[PDB]
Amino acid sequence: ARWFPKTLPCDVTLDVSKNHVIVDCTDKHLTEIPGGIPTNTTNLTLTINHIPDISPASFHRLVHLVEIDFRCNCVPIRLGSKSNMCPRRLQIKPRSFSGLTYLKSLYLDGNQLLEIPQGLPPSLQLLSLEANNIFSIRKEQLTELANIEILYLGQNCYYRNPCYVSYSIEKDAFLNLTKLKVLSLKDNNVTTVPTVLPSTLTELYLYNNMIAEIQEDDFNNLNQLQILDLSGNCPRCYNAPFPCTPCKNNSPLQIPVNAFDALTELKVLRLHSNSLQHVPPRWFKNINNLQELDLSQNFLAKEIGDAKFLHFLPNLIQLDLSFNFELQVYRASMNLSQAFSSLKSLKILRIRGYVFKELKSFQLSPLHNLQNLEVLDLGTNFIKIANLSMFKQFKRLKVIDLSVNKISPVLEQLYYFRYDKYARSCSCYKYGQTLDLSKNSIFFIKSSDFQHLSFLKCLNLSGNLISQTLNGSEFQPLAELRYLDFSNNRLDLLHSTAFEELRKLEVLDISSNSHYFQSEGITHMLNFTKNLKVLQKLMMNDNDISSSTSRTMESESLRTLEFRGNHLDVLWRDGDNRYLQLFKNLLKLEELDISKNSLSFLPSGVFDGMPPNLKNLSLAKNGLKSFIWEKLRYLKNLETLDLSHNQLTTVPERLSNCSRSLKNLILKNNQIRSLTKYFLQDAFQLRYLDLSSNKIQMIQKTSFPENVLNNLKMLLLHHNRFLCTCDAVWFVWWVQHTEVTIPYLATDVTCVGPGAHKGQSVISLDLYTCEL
């Protein structure tokens, strides 16, 4: 097909519209810029390599470069690999960028640079220098950046990349950058707000620094500023998972009451972890367009009961007052000021970590007529008592979050306490109203616990203590529930009527409920599915199921069953036929996951026992040592077969004689050492074949006919044990000249022998001596 095999170890994509030729060499274990990069290349990415310097030669020919991403070719010691440390900082010779007359974006993050690289072209709008060793900014070094719009200078002086002195910025260093819109000086040991900043700024990031005081003039001219982040100046250090130095005398970040008066466009104000004890209403007199306010991680517990400043925030969309609790206090209740009722535009209110024992209905009354409220987050509060019926007054809300409490009858999980949540490195809400009770202390449930909550569409009970023999009487109010997460409980399936009161239930997760499955002699009614007549998806992973009182599960609605992490191996013990139809009467089942079931073999009858419409079958992670491929004939709708991570040593003699429907065959991470002579012959339906991470030496055209190979959307071959003799001449020619997508040709499709060619990439192999 192809006339010229691409030997460049980089992905090349054309977007003809934009006008972009994209060359991506991310993580290609390079020590030089590869030769032969297309001269029309507009976007060149060299992230995560070990290229020790940049020079005039680097980009000589590439004069139509609009973006260079050269990040993390020498990342700071404590941020980088300890097994492959960078020996010596990136070296940028004079001249390296001045020729790139069209250069618009330059990323040099994480290269241990000591200075702002000079000689940059006047086309540059974005320059990024995060995680280098530049901790003194001089106006003379910024004159080259006349037209710069976005300047990232952060993470150059902080605990994971220390500079051991205070950051230094010359007076007015940035003022003549008359188009600068975004300046980030985060994580830099900065001690004062630099002045004067250009009035064109829209985004200013000064968080995680050592700024002890804001001067009243600091933001005087910033009448276009939309985002201001001063978080982490005078941090609140309790249970911080990074080294944390508070301001002395337990001072807050000192902010004069008129400090924001010029910020008439401000939309985002972030004051997280500033040790604030009060927030004066005067701050917000001239900020009427403010939409997002973050006051988490201060000392504002008392202020929350007063909060006069809220009267000045009628357009506020999101408010975060999380983790303002007083150390060593376990409040009886939450005192919300009535001033909360002035937040008529509020959609998201987060008050994690206030820390109180009992939530009462009236305590939430200031929120009753907030008609746009979508999310109420009272997580991580150690609440012991809450009558869930109080949320009958919150039908309009999308999410009510009571997660991580101690009640008894999405944000990345390290969110409020990580150092820099925006650090750049080298779910059932969609069903409707959601009550999240996950990780609480609920040991017993009864119908009245859910009185007045029939509007609920998703209930999350994951990670509670529920241990009772559910009999269809526990969720009677929840007539609209579509999704129940019951994972990480101790479900006892004594009654096959469990969950039957949830007549609209579409998704049920009872994964990680193994407790009562682990003890012999206990009744388990796995046929409880029969009563749920709109159930689509059932998850019962990691339940350690090795016994069942019922011989069959039944449903006319289920399409998806996850049954991973169980013991079908003992249920299907050789010589016991009783459970071989366990899934047969799930008549509409399309996807079955029975990975991780210790199935070292499949007894005969397993495939005959599958329900008739099975599309997606996983048998991964089973230690399967053998597989009668012909039995796939029973699976007449089989489309995806996942046999990854097993011990298989052979493929079928003729795949077409095993399944006429099979489209996607995943055989990665097995022990296959050779293919059968006619393996893929006439398997015209095959579209995806993964044989990576096996031990294949040879592939001949008889096993891999071109009439089948050319229809494949993807063919995975990497990490095998290819022998590159003259017997491999067809295989080597084909991979070099095929348009079928094969990943990791640059990385991991290599000869292991013979001697000469060991370790060499198959794509670069010259086998001319075989035709001499």
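Quick note: we count residues from 1 along the sequence shown, nothing fancier.
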According to the PDB record, deposited residues with no modelled atoms between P409 and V410 number 10 or more
Going from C426 to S427, the deposited residues skipped in the model number 10 or more
Between 721 to 729 and 701 to 709, the record assigns the higher mean Cα B factor to 701 to 709
Comparing mean C-alpha B factor in the record for 92 to 100 and 438 to 446, the higher one is 92 to 100
Residue set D109, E140, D690, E358, per-entry CA B-factor max assigned to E140
Quick tally, chain-level thirds of C-alpha B-factors: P38 sits in the highest
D27: C-alpha B-factor third of its chain, per the entry, is the middle
In terms of its chain's C-alpha B-factors, the third that includes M525 is the lowest
So, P743's CA B-factor, relative to its chain, sits in which third? The lowest
So, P122's CA B-factor, relative to its chain, sits in which third? The highest
